[PDB]
Amino acid sequence: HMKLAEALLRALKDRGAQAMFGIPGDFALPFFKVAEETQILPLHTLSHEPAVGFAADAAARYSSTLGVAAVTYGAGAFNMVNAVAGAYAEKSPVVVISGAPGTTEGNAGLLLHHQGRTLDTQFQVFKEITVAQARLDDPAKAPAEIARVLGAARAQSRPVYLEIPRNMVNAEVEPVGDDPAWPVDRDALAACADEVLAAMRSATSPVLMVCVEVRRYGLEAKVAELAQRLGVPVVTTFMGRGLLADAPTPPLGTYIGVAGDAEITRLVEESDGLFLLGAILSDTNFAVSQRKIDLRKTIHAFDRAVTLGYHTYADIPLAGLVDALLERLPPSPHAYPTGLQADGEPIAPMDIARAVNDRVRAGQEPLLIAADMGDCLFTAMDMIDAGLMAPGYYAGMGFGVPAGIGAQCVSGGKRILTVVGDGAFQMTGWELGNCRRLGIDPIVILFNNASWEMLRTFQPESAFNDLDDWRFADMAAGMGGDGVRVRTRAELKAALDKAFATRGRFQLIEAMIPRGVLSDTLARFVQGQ
Amino acid sequence: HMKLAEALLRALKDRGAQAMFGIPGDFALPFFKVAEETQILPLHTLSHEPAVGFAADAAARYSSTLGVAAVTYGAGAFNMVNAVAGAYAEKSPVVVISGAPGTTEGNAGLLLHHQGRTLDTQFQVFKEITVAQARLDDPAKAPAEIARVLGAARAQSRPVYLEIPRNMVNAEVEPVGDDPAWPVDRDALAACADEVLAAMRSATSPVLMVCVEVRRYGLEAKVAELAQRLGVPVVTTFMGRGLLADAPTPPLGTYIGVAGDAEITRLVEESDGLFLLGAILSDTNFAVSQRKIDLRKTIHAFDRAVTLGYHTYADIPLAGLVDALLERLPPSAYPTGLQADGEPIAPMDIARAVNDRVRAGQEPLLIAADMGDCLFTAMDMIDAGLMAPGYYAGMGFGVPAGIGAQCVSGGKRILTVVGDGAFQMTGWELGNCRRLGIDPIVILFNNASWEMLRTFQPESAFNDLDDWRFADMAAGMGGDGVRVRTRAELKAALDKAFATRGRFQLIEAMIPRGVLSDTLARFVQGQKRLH
Amino acid sequence: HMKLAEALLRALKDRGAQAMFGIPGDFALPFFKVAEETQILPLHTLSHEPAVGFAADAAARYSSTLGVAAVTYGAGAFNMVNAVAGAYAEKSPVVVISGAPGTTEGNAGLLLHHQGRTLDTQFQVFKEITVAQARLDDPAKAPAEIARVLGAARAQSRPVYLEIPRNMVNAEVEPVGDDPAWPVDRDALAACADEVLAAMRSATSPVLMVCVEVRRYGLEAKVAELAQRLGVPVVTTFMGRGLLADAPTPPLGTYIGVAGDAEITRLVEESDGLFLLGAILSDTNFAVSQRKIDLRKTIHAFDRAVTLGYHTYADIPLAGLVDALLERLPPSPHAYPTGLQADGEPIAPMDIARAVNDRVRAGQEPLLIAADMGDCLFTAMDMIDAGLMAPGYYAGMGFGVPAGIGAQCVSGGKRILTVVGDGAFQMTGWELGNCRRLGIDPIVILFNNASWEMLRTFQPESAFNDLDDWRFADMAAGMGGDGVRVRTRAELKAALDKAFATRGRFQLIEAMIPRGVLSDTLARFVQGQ
Ligand SMILES: Cc1ncc(Cc2csc(CCOP(=O)(O)OP(=O)(O)O)c2C)c(N)n1
Ligand SMILES: Cc1ncc(Cc2csc(CCOP(=O)(O)OP(=O)(O)O)c2C)c(N)n1
Ligand SMILES: Cc1ncc(Cc2csc(CCOP(=O)(O)OP(=O)(O)O)c2C)c(N)n1
Ligand SMILES: O=C(O)C(=O)Cc1ccccc1
Ligand SMILES: O=C(O)C(=O)Cc1ccccc1
Ligand SMILES: O=C(O)C(=O)Cc1ccccc1
Ligand SMILES: O=C(O)C(=O)Cc1ccccc1
Ligand SMILES: O=C(O)C(=O)Cc1ccccc1
Ligand SMILES: O=C(O)C(=O)Cc1ccccc1
Ligand SMILES: [Mg+2]
Ligand SMILES: [Mg+2]
Ligand SMILES: [Mg+2]
């Protein structure tokens with residue numbers, strides 16, 4: 001036997017969790033107390049719950065494991081609905097742990113601070129944005145519930161929800177067992193793999209298109225081998241940008257329809273054997289298509305199913321399929337913008353892409369990139385990376401900075417490059433004030449165009465997309481980092497070199513960008529939509 | 001523009017409805033008044049709501065069309081839940097029409113007679129046993145709703161629910177248009193047909209097994225042609241007994257595993273190309289198997305889907321698949337000898353009697369059977385089709401079904417087989433024959449017992465029933481009854497029943513307790529294994 | 001420990017159940033086996049499930065206790081929805097026990113005979129017509145579930161639902177404990193009783209109107225004492241006809257608005273202190289009011305609440321209130337149609353009322369009366385009785401005959417008088433064929449007018465209300481009873497005398513009644529509606 005809170009933390013750690021992010025409240029104090037005193041999982045606090053969710057999500061994307069977000073009842077949990085809905089959409093297994101009233105509280109005739117219409121209102125809301133839930137209000141059942149919920153998060157790669165009455169944190173329970181098993185029919189898998197391979201082999205111009213699930217289930221290496229053995233080109237989706245960064249043979253590029261490279265777009269759209277491997281069928285990934293794409297003519301492996309030839313194979317895990325394909329195969333690109341003119345001219349999005357890329361070509365091992373939504377994301381699309389995480393489908397802003405924070409918190413010393421615009425920084429960039437206590441020194445390039453540019457690009461006439469010029473670099477000092485505003489390419493270049501040479505605190509390079517000055521990609525992308 | 005009730009009755013007739021069965025109640029009197037006056041559909045009344053449902057259901061089964069059951073709010077509707085769940089389970093499109101309180105009633109601080117906990121309670125209940133429902137409380141929208149709902153009933157071949165406030169019965173509305181269109185992807189259909197056909201051709205011993213949907217969608221003639229072009233034997237499921245009764249080449253037989261003909265069973269379970277066409281995967285159809293059949297290795301077309309090779313093709317209508325297959329293909333013993341002596345009557349003697357008449361020239365009658373040894377015996381009868389609750393297995397279906405079918409059979413007589421247990425539930429409906437202008441022949445297997453249950457658990461006393469003199473009670477209901485105890489009397493009684501028209505003919509056959517068809521005996525043991 | 005089925009039967013018996021009615025099916029065989037071999041509760045089978053429900057309901061109304069109805073999965077249970085919905089409406093605590101597939105059945109890839117869309121479909125349907133439900137699929141929990149469900153049936157006086165997987169019938173469990181307790185605030189009760197008494201004392205013409213709950217909770221004797229101590233007249237509702245039959249001072253009559261006695265109607269409608277004690281606020285009870293009745297000006301005690309003076313007292317049990325009123329009070333009629341002319345003239349409804357009433361006045365102790373819906377009920381309204389049960393609010397037909405059967409099954413030798421019309425007899429009158437095996441000999445007076453008269457009375461023009469003339473008396477013999485058709489008052493009188501003098505089998509007096517010939521009450525009642 002052991003305390004329930006302790007059994008839970010150990011169960012998470014046993015399943016790969018590397019840390020726990022959170023913000024306490026009276027309902028969660030007992031649980032945080034156990035998390036801090038046991039130190040089973042490193043405890044990192046943030047300033048506002050959205051960042052807690054985003055960071056757990058990034059830690060999960062970074063290591064392809066479970067992310068852990070702990071909050072208090074109501075004020076905490078409801079403040080994380082947006083980040084969780086986003087993790088659900090982009091299939092990131094974030095474990096939401098919320099404190100709640102004790103099992104005997106609420107029967108005094110009084111309404112309790114933080115509750116919704118009913119004490120169960122919060123549970124009801126999270127049912128909508130998670131794949132499994134459990135209220136750990138029965139010691140006898142807790143272990144099975146925990147294994148069931150965490151088991152679901154790992155299999156479905158989506159968020160789960162655990163509610164812990166505060167009087168149960170220290171209740172004695174048996175250790176948590178293994179995840180329930182999800183049966184897989186060997187004959188179905190065999191047949192599916194046989195039909196998929198045959199479809200790829202009969203195609204004249206086959207294309208392997210990789211997306212999120214490839215990372216979620218840790219299949220990047222195996223999938224590079226599959227492309228290798230099949231002898232076909234690999235292209236990522238917009239959502240899947242950054243996949244196979246460590247592959248001996250990198251993908252040919254990223255498919256962005258009318259907004260991406262013309263040859264990749266033609267290769268993808270004219271393919272008679274397009275294998276959408278673990279892809280989200282989103283507008284962001286396919287609405288930008290120049291020529292209407294017939295999804296029914298593709299091979300689609302997603303959500304533990306495989307569809308092709310107008311029919312679906314149920315209960316087929318991506319990992320199982322990849323292994324099955326490999327077993328049947330015997331052993332055995334778009335240019336990056338470069339050459340930045342570090343002079344006295346104004347900074348444009350692509351100049352930032354060039355600066356980054358030039359240091360790498362010059363010898364700097366690339367950095368994993370965390371990106372927020374805005375032109376910063378369409379610009380990162382042309383950056384050299386060691387992986388990339390961004391809200392490519394949910395597209396909610398605020399992800400960038402806390403994602404870089406969460407990822408670096410578990411990166412074992414490797415720095416994370418963060419790209420975010422002024423609108424997004426206003427929302428959550430402030431979380432950087434926590435870098436000192438957390439012990440990380442991310443490099444953040446803030447695209448300051450004093451505007452919600454993407455929206456102006458969408459509806460140029462409106463005035464509400466105008467924003468003041470916040471002196472983000474001047475405020476960096478107050479949050480404990482080094483901030484520098486840059487207006488010229490030479491200042492940009494120099495600032496970037498200083499940032500990389502300076503560790504110990506966050507480096508905010510505030511890049512002044514004129515309104516109307518965008519990356520090549522964004523413009524066309526918007527019009528495509 | 002026209003009255004809602006009238007627009008509904010026309011929409012029902014436009015879709016093949018042939019009659020409306022029902023029992024009235026104050027909340028429905030208006031609706032019934034219109035029906036009676038407009039005569040858009042013959043209005044047949046019965047004694048108890050369960051029969052209303054079964055008859056409407058039998059009528060839909062007989063003509064492969066919609067069935068219409070009209071009842072009153074609460075006391076009427078709720079009393080039909082069992083028949084509707086059964087029609088749902090057995091894919092019969094029964095259209096339930098219920099009278100309801102006026103759109104303004106129930107706002108005087110008072111509860112209304114017949115209502116459930118809430119006025120919407122009945123609606124919530126029916127959502128569980130219907131594929132679509134609609135409360136016709138908006139004249140502007142009634143037409144389109146009638147269309148959506150009746151269309152779902154037709155496409156999915158299951159029951160639907162229509163709730164009519166009594167102050168809406170005579171409300172002006174536009175006429176009802178066509179059902180919405182469920183467009184089928186031609187490319188998917190093509191891929192599906194090609195794969196199914198390839199599988200059938202690569203099999204060395206293919207078998208086409210037909211079940212309910214074949215009749216529901218009126219595909220019997222096309223399936224018989226399909227089998228011919230494919231050159232494959234046709235077998236029915238237990239539920240499908242009676243299918244292709246009027247085909248040039250009838251099915252080889254009916255599969256019932258350990259309880260059926262050993263040859264048919266062998267053919268079915270050894271097949272490397274078992275095509276389950278419109279089949280319900282029920283314990284009644286397959287838990288009888290000699291050896292567990294691996295259903296994932298069959299070709300299964302059911303509920304607008306087609307599964308084979310461990311994958312499924314969604315949105316593929318059974319009729320669409322049959323036609324697709326036919327476009328890819330170029331054209332190309334019953335028990336007898338009743339010994340009419342003084343020996344007691346056993347179930348099989350009854351099949352022999354029925355079959356000898358057919359062999360001597362009698363055109364076979366369609367059979368309506370209830371659940372009990374009557375059904376298992378009917379498995380051995382020559383028929384012009386047969387309807388029974390072979391999956392839901394709910395008793396009481398027998399007599400009402402026979403009645404419902406004969407009401408729409410344009411003169412053809414229906415033979416009904418039923419046990420004493422089931423007759424006690426709905427056999428009494430025969431008292432409506434005169435008024436309905438029908439005279440069905442009813443063979444009542446009377447063993448003073450719930451014999452099928454005794455077979456499951458012989459040690460129990462509660463299966464011993466009293467002896468009711470059903471034949472003696474026939475007269476009071478307007479029919480001719482005769483109780484038979486010997487095989488000779490059985491034979492005489494049957495000839496007289498066929499020779500006598502104008503009144504329903506009831507032949508009450510006394511079967512000794514503990515005497516049951518081998519089929520029933522083996523079926524029960526077969527099912528027991530599943531516990 | 002003991003077998004679950006056995007624990008359940010004992011729990012029912014401990015709570016007053018006197019019998020179990022049912023029809024088996026393979027899913028329920030194991031349970032019926034236990035019921036028959038243990039004989040904890042006498043087992044009575046019927047022919048069709050509707051009668052099972054109606055009979056359980058009557059047994060419950062008869063002894064003011066729990067009624068027990070046992071059926072098989074699907075074909076059995078769904079066939080009882082109407083009788084159960086009726087018991088729910090008229091507040092009769094019928095315990096529905098249904099057999100179901102074993103906990104491990106249904107996982108073989110096969111659909112199971114009797115199931116609805118899903119295995120849980122039946123459970124879902126019964127939730128709509130019961131106050132509590134439980135699937136006894138966990139031996140550990142079974143005892144608590146049983147006590148919770150049966151506890152709810154007794155407190156709320158409505159049907160409950162128990163589903164028993166067949167593989168659980170013989171599972172070992174601990175004996176069932178007591179019902180969970182439903183707290184009652186002493187101060188609230190005290191205040192409520194004080195305000196009610198004061199309202200009755202300040203009224204100039206107070207009227208105590210009794211309805212169903214008075215019988216359901218066994219308050220007839222105590223309520224007669226209350227009227228006695230308060231010094232006020234007692235009138236029943238239409239639904240409550242038959243209440244206080246054993247009261248030293250019988251009620252003044254039954255309130256049926258424009259369809260009842262004029263003086264009772266005036267007394268009720270002009271009352272400044274109308275106490276609706278345990279009444280159903282139905283159209284059948286109040287829509288017949290001559291003068292619109294302001295329910296808000298009344299005192300209403302129903303469903304564990306009391307409303308008066310535009311306000312409601314929650315959680316006030318009727319029994320508690322009656323006891324409270326009694327504690328604050330120190331110690332201390334409409335004529336019956338009679339004189340039947342037993343001559344050669346045709347039989348009319350009221351003649352039947354007179355025949356019955358004359359035997360009683362002549363010395364025959366009245367019989368409890370079971371009535372179906374139709375003119376038979378409006379006629380029984382003018383009969384002398386030892387109590388009366390009828391679907392006075394739900395108004396569903398088919399209740400009559402099986403109700404008389406169920407009641408007599410638990411009447412300990414007392415005969416039950418049943419009144420039913422031809423339409424209703426066609427539905428369930430056939431259940432009489434079971435009287436011999438069950439050992440009862442009810443007297444049944446069938447009003448044969450070859451018609452659904454009530455409906456013709458409602459819409460005279462229609463032809464579909466015409467019915468053939470079934471020779472019910474001629475068919476009685478086949479069901480093992482004595483049947484006699486009567487056309488003249490002299491035949492009626494004589495038939496009734498023969499019936500009472502003949503015990504050993506059911507006596508069916510088929511009274512031929514001309515169409516259009518009704519009781520006085522029905523005509524006006526219909527027009528009132
Ligand atoms: C939580 C949330 N609220 C609003 C929006 C809607 C939006 C999509 S893009 C954008 C403008 C972003 O301006 P930014 O300075 O960050 O970068 P840039 O456009 O290149 O100038 C907004 C407000 C989203 N996606 N999420
Ligand atoms: C509405 C309903 N309630 C109970 C049952 C359960 C049952 C299945 S079989 C059977 C006995 C039938 O006796 P019967 O005399 O009719 O025929 P036979 O067995 O050959 O003697 C019962 C009670 C079903 N299926 N449906
Ligand atoms: C289950 C159910 N279905 C229909 C109805 C609707 C109805 C209310 S009254 C009546 C006619 C009854 O004729 P009966 O011969 O029984 O007695 P009488 O009218 O005096 O001639 C019907 C059909 C109800 N209430 N319940
Ligand atoms: O601890 C919290 O989350 C709070 O909001 C503080 C608090 C605690 C109890 C009542 C009101 C506020
Ligand atoms: O999740 C994303 O946003 C991705 O693009 C996938 C990914 C995540 C982390 C490193 C590389 C790719
Ligand atoms: O018409 C019906 O369905 C009835 O049950 C008759 C009725 C109508 C109004 C109140 C009570 C009974
Ligand atoms: O619906 C049934 O019970 C069947 O067995 C199908 C059927 C119905 C009518 C005639 C032939 C087959
Ligand atoms: O026992 C019952 O309730 C039945 O309906 C009999 C039965 C049992 C198993 C399959 C089909 C019918
Ligand atoms: O429940 C009813 O129908 C009543 O009228 C109440 C009643 C029941 C049994 C005996 C006396 C009164
Ligand atoms: Mg901006
Ligand atoms: Mg029998
Ligand atoms: Mg009548």
# chains A, B, ... in the order shown; residues from 1 in each chain; ligands from 1
$ interface_residues --of "chain C" --to "chain B" --cutoff "7 Å" --atoms "only C-alpha atoms" --output "number ranges by chain"
C: 25-26, 33, 47-48, 75, 78-79, 81-82, 85, 89, 110-114, 116, 121, 125, 128, 281-284, 393-396, 423, 426-427, 437, 455, 462, 470-472, 474-475, 478-479
$ residues_around --residues "residue 214 in chain B" --least-positions-apart "3" --cutoff "10 Å" --atoms "only C-alpha atoms" --output "PyMOL selection string"
chain B and resi 64+210-211+217-223+240+243-244+277-279+302+318-319+322
$ write_last_selection --atoms "N, CA and C atoms" --output "mmCIF file, in the first residue's frame"
data_model
loop_
_atom_site.group_PDB
_atom_site.id
_atom_site.type_symbol
_atom_site.label_atom_id
_atom_site.label_comp_id
_atom_site.auth_asym_id
_atom_site.auth_seq_id
_atom_site.Cartn_x
_atom_site.Cartn_y
_atom_site.Cartn_z
ATOM 1 N N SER B 64 -43.311 -6.383 -48.451
ATOM 2 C CA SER B 64 -42.030 -5.692 -48.522
ATOM 3 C C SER B 64 -42.278 -4.194 -48.664
ATOM 4 N N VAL B 210 -28.971 -16.526 -47.591
ATOM 5 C CA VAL B 210 -29.900 -15.407 -47.535
ATOM 6 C C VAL B 210 -30.654 -15.270 -46.219
ATOM 7 N N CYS B 211 -30.929 -14.026 -45.839
ATOM 8 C CA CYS B 211 -31.619 -13.740 -44.579
ATOM 9 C C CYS B 211 -32.609 -12.574 -44.791
ATOM 10 N N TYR B 217 -36.048 -5.686 -48.789
ATOM 11 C CA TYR B 217 -35.789 -4.834 -49.945
ATOM 12 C C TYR B 217 -36.303 -5.442 -51.258
ATOM 13 N N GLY B 218 -37.186 -6.434 -51.144
ATOM 14 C CA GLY B 218 -37.763 -7.080 -52.317
ATOM 15 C C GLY B 218 -36.754 -7.598 -53.326
ATOM 16 N N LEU B 219 -35.675 -8.177 -52.823
ATOM 17 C CA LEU B 219 -34.609 -8.693 -53.667
ATOM 18 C C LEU B 219 -34.680 -10.212 -53.946
ATOM 19 N N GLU B 220 -35.768 -10.867 -53.575
ATOM 20 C CA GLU B 220 -35.827 -12.310 -53.800
ATOM 21 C C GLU B 220 -35.634 -12.763 -55.245
ATOM 22 N N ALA B 221 -36.306 -12.122 -56.193
ATOM 23 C CA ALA B 221 -36.142 -12.521 -57.585
ATOM 24 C C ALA B 221 -34.723 -12.223 -58.070
ATOM 25 N N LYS B 222 -34.171 -11.078 -57.684
ATOM 26 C CA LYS B 222 -32.820 -10.739 -58.125
ATOM 27 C C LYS B 222 -31.736 -11.601 -57.492
ATOM 28 N N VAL B 223 -31.960 -12.026 -56.251
ATOM 29 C CA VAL B 223 -30.996 -12.884 -55.558
ATOM 30 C C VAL B 223 -31.049 -14.282 -56.178
ATOM 31 N N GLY B 240 -34.211 -16.513 -42.044
ATOM 32 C CA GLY B 240 -34.616 -16.421 -43.438
ATOM 33 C C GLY B 240 -35.438 -17.571 -44.019
ATOM 34 N N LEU B 243 -37.642 -17.679 -47.533
ATOM 35 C CA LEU B 243 -37.160 -16.834 -48.616
ATOM 36 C C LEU B 243 -37.070 -17.631 -49.915
ATOM 37 N N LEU B 244 -37.205 -16.914 -51.033
ATOM 38 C CA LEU B 244 -37.153 -17.474 -52.381
ATOM 39 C C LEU B 244 -38.110 -18.634 -52.593
ATOM 40 N N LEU B 277 -25.810 -12.827 -47.059
ATOM 41 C CA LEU B 277 -26.571 -11.768 -47.705
ATOM 42 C C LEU B 277 -27.778 -11.252 -46.916
ATOM 43 N N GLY B 278 -27.617 -10.058 -46.331
ATOM 44 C CA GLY B 278 -28.667 -9.415 -45.544
ATOM 45 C C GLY B 278 -28.967 -10.151 -44.254
ATOM 46 N N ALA B 279 -27.950 -10.826 -43.719
ATOM 47 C CA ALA B 279 -28.110 -11.642 -42.520
ATOM 48 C C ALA B 279 -27.882 -11.038 -41.140
ATOM 49 N N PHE B 302 -25.066 -6.272 -44.664
ATOM 50 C CA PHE B 302 -26.161 -6.009 -43.748
ATOM 51 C C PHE B 302 -26.115 -4.551 -43.285
ATOM 52 N N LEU B 318 -27.963 -3.036 -49.762
ATOM 53 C CA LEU B 318 -27.976 -4.434 -50.192
ATOM 54 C C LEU B 318 -28.441 -4.533 -51.644
ATOM 55 N N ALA B 319 -29.497 -3.799 -51.969
ATOM 56 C CA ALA B 319 -30.046 -3.791 -53.320
ATOM 57 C C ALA B 319 -29.021 -3.243 -54.301
ATOM 58 N N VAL B 322 -26.533 -6.086 -54.958
ATOM 59 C CA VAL B 322 -27.057 -7.184 -55.763
ATOM 60 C C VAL B 322 -27.045 -6.799 -57.231
#
$ residues_around --residues "residue 137 in chain C" --least-positions-apart "4" --cutoff "7 Å" --atoms "only C-alpha atoms" --output "count of residues only"
4
$ select_by_dssp --residues "range 420-456 of chain C" --states "strand (DSSP E)" --output "PyMOL selection string"
chain C and resi 420-421+443-448
$ write_last_selection --atoms "C-alpha atoms" --output "PDB file, in the first residue's frame"
ATOM      1  CA  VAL C 420     -65.080  -4.944 -17.144  1.00  0.00           C
ATOM      2  CA  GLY C 421     -66.519  -4.065 -20.561  1.00  0.00           C
ATOM      3  CA  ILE C 443     -67.015 -12.957  -9.720  1.00  0.00           C
ATOM      4  CA  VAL C 444     -66.776 -11.083 -12.985  1.00  0.00           C
ATOM      5  CA  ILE C 445     -69.578  -8.921 -14.384  1.00  0.00           C
ATOM      6  CA  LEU C 446     -68.890  -8.250 -18.044  1.00  0.00           C
ATOM      7  CA  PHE C 447     -70.680  -5.262 -19.527  1.00  0.00           C
ATOM      8  CA  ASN C 448     -71.239  -6.501 -23.062  1.00  0.00           C
TER       9      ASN C 448
END
$ residues_around --residues "residue 433 in chain B" --least-positions-apart "5" --cutoff "7 Å" --atoms "only C-alpha atoms" --output "number ranges by chain"
B: 438-439, 504
$ write_last_selection --atoms "N, CA, C and O atoms" --output "short mmCIF file (atom, residue, chain, number, x, y, z; two decimals), in the first residue's frame"
data_model
loop_
_atom_site.label_atom_id
_atom_site.label_comp_id
_atom_site.auth_asym_id
_atom_site.auth_seq_id
_atom_site.Cartn_x
_atom_site.Cartn_y
_atom_site.Cartn_z
N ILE B 438 -61.92 -11.96 -43.26
CA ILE B 438 -60.89 -12.96 -43.53
C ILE B 438 -61.21 -14.27 -42.83
O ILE B 438 -62.00 -14.30 -41.89
N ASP B 439 -60.55 -15.34 -43.28
CA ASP B 439 -60.77 -16.66 -42.72
C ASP B 439 -59.48 -17.48 -42.77
O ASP B 439 -59.37 -18.43 -43.54
N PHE B 504 -62.83 -18.21 -39.75
CA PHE B 504 -61.47 -18.67 -39.51
C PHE B 504 -61.65 -20.11 -39.07
O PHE B 504 -62.66 -20.46 -38.45
#
$ residues_near_ligand --ligand "ligand 9" --cutoff "7 Å" --atoms "only C-alpha atoms and all ligand atoms" --output "compact mmCIF listing (two decimals) with C-alpha atoms, in the first residue's frame"
# COMPACT_ATOMS: atom_id res chain seq x y z
CA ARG C 61 -52.72 -1.77 -3.93
CA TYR C 62 -54.56 -4.45 -2.00
CA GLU C 90 -50.98 5.74 -9.95
CA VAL C 212 -54.23 7.58 -3.66
CA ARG C 215 -53.92 4.15 0.66
CA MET C 239 -58.97 8.42 -8.47
CA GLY C 240 -59.48 7.85 -4.74
CA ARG C 241 -62.89 6.19 -5.01
CA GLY C 242 -63.06 3.35 -2.50
CA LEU C 243 -60.89 4.99 0.20
CA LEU C 368 -63.48 -5.16 -2.87
CA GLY C 387 -62.47 -0.75 -1.44
CA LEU C 388 -61.98 -0.13 -5.16
CA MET C 389 -59.02 -0.29 -7.53
CA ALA C 390 -59.10 1.13 -11.01
CA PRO C 391 -56.86 2.97 -13.48
CA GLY C 392 -58.44 6.25 -12.40
$ atom_distance --atom1 "CA of residue 289 in chain A" --atom2 "CA of residue 454 in chain A"
19.4 Å
$ residues_around --residues "residue 214 in chain C" --least-positions-apart "5" --cutoff "7 Å" --atoms "only C-alpha atoms" --output "PyMOL selection string"
chain C and resi 219-220+278
$ residues_near_ligand --ligand "ligand 10" --cutoff "10 Å" --atoms "only C-alpha atoms and all ligand atoms" --output "list in words"
residues 373, 374, 375, 376, 420, 421, 422, 423, 424, 425, 446, 447, 448, 449, 450, 451, 452, 453, 454, 455, 456, 465, 466, 467, 513, 514 and 515 of chain A
$ select_by_dssp --residues "range 461-510 of chain A" --states "helix (DSSP H, G or I)" --output "list in words"
residues 472, 473, 474, 475, 476, 477, 478, 479, 489, 490, 491, 492, 493, 494, 495, 496, 497, 498, 499, 500 and 501 of chain A
$ residues_around --residues "residue 149 in chain A" --least-positions-apart "5" --cutoff "8 Å" --atoms "only C-alpha atoms" --output "VMD selection string"
chain A and resid 132 to 134 160 to 162
$ write_last_selection --atoms "N, CA and C atoms" --output "short mmCIF file (atom, residue, chain, number, x, y, z; two decimals), in the first residue's frame"
data_model
loop_
_atom_site.label_atom_id
_atom_site.label_comp_id
_atom_site.auth_asym_id
_atom_site.auth_seq_id
_atom_site.Cartn_x
_atom_site.Cartn_y
_atom_site.Cartn_z
N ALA A 132 -10.79 10.02 -21.65
CA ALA A 132 -11.14 9.20 -20.49
C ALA A 132 -11.09 10.08 -19.26
N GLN A 133 -11.88 9.71 -18.26
CA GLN A 133 -11.95 10.49 -17.03
C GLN A 133 -12.22 9.60 -15.85
N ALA A 134 -11.85 10.09 -14.67
CA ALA A 134 -12.10 9.36 -13.45
C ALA A 134 -11.95 10.30 -12.29
N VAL A 160 -6.40 13.10 -20.94
CA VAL A 160 -7.27 12.39 -20.01
C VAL A 160 -7.47 13.28 -18.80
N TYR A 161 -8.49 12.97 -18.00
CA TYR A 161 -8.82 13.78 -16.85
C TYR A 161 -8.98 13.01 -15.53
N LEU A 162 -8.23 13.43 -14.51
CA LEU A 162 -8.29 12.81 -13.18
C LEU A 162 -8.66 13.85 -12.14
#
$ residues_around --residues "residue 235 in chain C" --least-positions-apart "6" --cutoff "7 Å" --atoms "only C-alpha atoms" --output "list in words"
residues 208, 209, 210, 251, 252, 253, 254 and 255 of chain C
$ write_last_selection --atoms "N, CA and C atoms" --output "short mmCIF file (atom, residue, chain, number, x, y, z; two decimals), in the first residue's frame"
data_model
loop_
_atom_site.label_atom_id
_atom_site.label_comp_id
_atom_site.auth_asym_id
_atom_site.auth_seq_id
_atom_site.Cartn_x
_atom_site.Cartn_y
_atom_site.Cartn_z
N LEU C 208 -61.86 17.91 3.54
CA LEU C 208 -60.71 17.03 3.48
C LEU C 208 -60.94 16.10 2.29
N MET C 209 -60.14 16.27 1.24
CA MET C 209 -60.28 15.47 0.03
C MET C 209 -59.16 14.43 -0.06
N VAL C 210 -59.53 13.16 0.05
CA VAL C 210 -58.54 12.09 0.03
C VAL C 210 -58.30 11.43 -1.32
N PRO C 251 -66.83 8.58 3.94
CA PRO C 251 -66.70 9.90 3.30
C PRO C 251 -68.11 10.33 2.87
N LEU C 252 -68.30 11.60 2.54
CA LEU C 252 -69.62 12.06 2.11
C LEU C 252 -69.89 11.60 0.69
N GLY C 253 -68.82 11.35 -0.06
CA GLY C 253 -68.97 10.90 -1.42
C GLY C 253 -67.72 11.11 -2.25
N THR C 254 -67.87 10.98 -3.56
CA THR C 254 -66.77 11.14 -4.49
C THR C 254 -66.99 12.35 -5.39
N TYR C 255 -66.00 13.22 -5.43
CA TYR C 255 -66.08 14.43 -6.24
C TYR C 255 -65.79 14.14 -7.70
#
